[PDB]
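[1] Take a look and give me a structure for this.
(chains A and B)
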Amino acid sequence: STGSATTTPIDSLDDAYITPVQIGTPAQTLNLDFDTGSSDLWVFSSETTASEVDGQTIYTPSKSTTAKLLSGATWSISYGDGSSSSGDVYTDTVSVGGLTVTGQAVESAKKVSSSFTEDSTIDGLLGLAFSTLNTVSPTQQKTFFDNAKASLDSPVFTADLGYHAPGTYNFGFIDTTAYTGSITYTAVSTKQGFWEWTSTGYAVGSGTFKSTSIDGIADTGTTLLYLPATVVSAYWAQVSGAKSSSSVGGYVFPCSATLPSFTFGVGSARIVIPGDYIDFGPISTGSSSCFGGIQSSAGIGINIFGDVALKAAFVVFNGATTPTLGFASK
Amino acid sequence: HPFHXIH
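    Numbers count the residues shown, from 1 in each chain, chains lettered A, B, ... in the order given. Structure data below:
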């Protein structure tokens, strides 16, 4: 089996991308943020406290003939931004882009934090990291990818995120029309449960490539590219109005700048992020200051190749017994 | 309005 689904940015900044997923019987369509940085599939539901629901589409398990309560099981998760949710757990059929999994654990939110209530476009998250990070207790549940792998034509799923434009998430096949050249694969470490890999270096603009090892994670659910402080300082040093701003929380620069590109290594290959993708957006509508798309990871603790980097490439999450991460230009 | 998704 395979599936293929359109993923669309939630706003004109590409802050995040949603992908419709059909849950239950008959199917209830919810738009989820596919998150390779976590391993829970959770949704707003008929169980979520009413005052914490502000525009989202809820799953109602009592209307699904295939839903089953997983007795005794509860979950609680917090994310890097401080947001959180918790609740209980059903299994149900879940389909993405025509690929159906039966008995997928669907985590039903009894409570969600303020940031999720204010995000009207995101109905829940679909976690695609390794199932060791899943937060269901007492027994952890597999992600939708792990449950699909027995039926997939190939144990793989690709992310092709667009720049201010829709993209695609494919499961089970590699679309050779979707990228140019060849894919370079690199080793993944699953010791922390993440799609964790080591970039071989970087260059800014038309400058020299510096070989230096950058361990980071590929996270579709983080917007920006967070790199070590001295690498990010080398980048902004090439942009004449750029400065670090404590008030806004990162490097800002005049919107009227043309920004250099940023290249990162994958083994012997090079991925180039166009300058325009790094120009994330004005800090306020009508501002002449813009927020940059590469920021320091020092405060985070880990380096994160978020959507600004992944949307410059076609990325293959190879979930064979020894996983790997493939990157091609597109 | 960037997002930063487990901790």
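[2] quick one: contacts for the residue in the stretch 1-150 of chain A positioned nearest to chain B?
    Across the stretch 1-150 of chain A, no residue is closer to chain B than residue A:35, which sits at 3.4 Å (CB to the nearest CB). For the C-beta atoms, the positions are set from N, CA and C on the backbone; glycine is no exception. Residue A:35 makes contact with A:125-129, A:219-221, B:5 under the criterion CB atoms under 8 Å, 6 or more residues apart in numbering or on different chains.
[3] Give me every residue in chain A lying close to chain B.
    Contacts of chain A with chain B, taken as CB under 8 Å from any CB of the partner chain, map to A:11, A:13, A:15-16, A:33-39, A:77-81, A:125, A:129, A:133, A:135, A:219-224, A:280, A:300, A:304.
[4] Derive a ChimeraX selection command for the buried subset of the residues you listed.
    Those of these that count as buried under 16 or more other CB atoms under 10 Å in any protein chain shown are selected in ChimeraX with:
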select /A:13,15,16,33,34,35,36,37,38,39,77,79,80,125,129,133,135,219,220,221,222,223,224,280,304
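[5] on that earlier part again, now distance to residue A:234 and secondary structure too, for the contacts of residue A:35, in CSV please.
    Converted to CSV, the contacts of residue A:35 look like this (distance: CB to CB, whole Å; DSSP: H, G, I helix; E, B strand; the rest coil):
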residue, distance to residue A:234, secondary structure
A:125, 34, strand
A:126, 35, strand
A:127, 33, strand
A:128, 32, coil
A:129, 30, coil
A:219, 23, coil
A:220, 26, coil
A:221, 27, coil
B:5, 27, coil
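[6] Show me which of the residues you listed is closest to residue A:296.
    residue A:219 (16.2 Å; CB to CB).
[7] That closest one contacts residue A:302, doesn't it?
    No. Counting by CB atoms under 8 Å, residue A:219 does not reach residue A:302; the two are 9.4 Å apart.
[8] Give me the residues contacting stretch A:63-70.
    Taking CB under 8 Å, 6+ apart as the rule, stretch A:63-70 contacts A:23-26, A:28, A:61, A:88-93, A:102, A:105-106, A:136, A:141.
[9] all helices of chain A, in order?
    A:114-117, A:144-148, A:229-236, A:275-278, A:307-310 (DSSP state H).
[10] Which strands or helices does the last one pack on?
    Spelled out, that is helix A:307-310. strand A:269-273 (3 or more CB pairs under 8 Å, 6 or more residues apart in numbering or on different chains; DSSP states H and E).
[11] The longest one too?
    Contacts defined by 3+ CB pairs under 8 Å, 6+ apart place helix A:229-236 against strand A:196-204, strand A:250-254, strand A:294-296.
[12] Can you tell me which of these is packed in deepest?
    strand A:294-296 (a mean of 24; mean count of other CB atoms under 10 Å in any protein chain shown).
[13] Can you give the strand pairings for it, parallel or anti for each?
    strand A:225-227 (parallel) (DSSP bridges).
[14] which residues are contacting the strand it pairs with?
    A:202, A:214, A:216, A:262, A:273, A:278, A:293-297, A:300, A:302-306, A:308-309.
[15] my read: residue A:116 touches residue A:85, true?
    Yes. Contact criterion CB under 8 Å: residue A:116 and residue A:85 qualify, at 6.3 Å.
[16] Let me see the contact set for the residue of the stretch 101-250 of chain A found nearest chain B.
    Closest contact between the stretch 101-250 of chain A and chain B, by CB to the nearest CB, is at residue A:221 (0.4 Å). The contact partners of residue A:221, by CB under 8 Å, 6+ apart, come to A:16, A:33-38, A:79, A:125, B:3-5.
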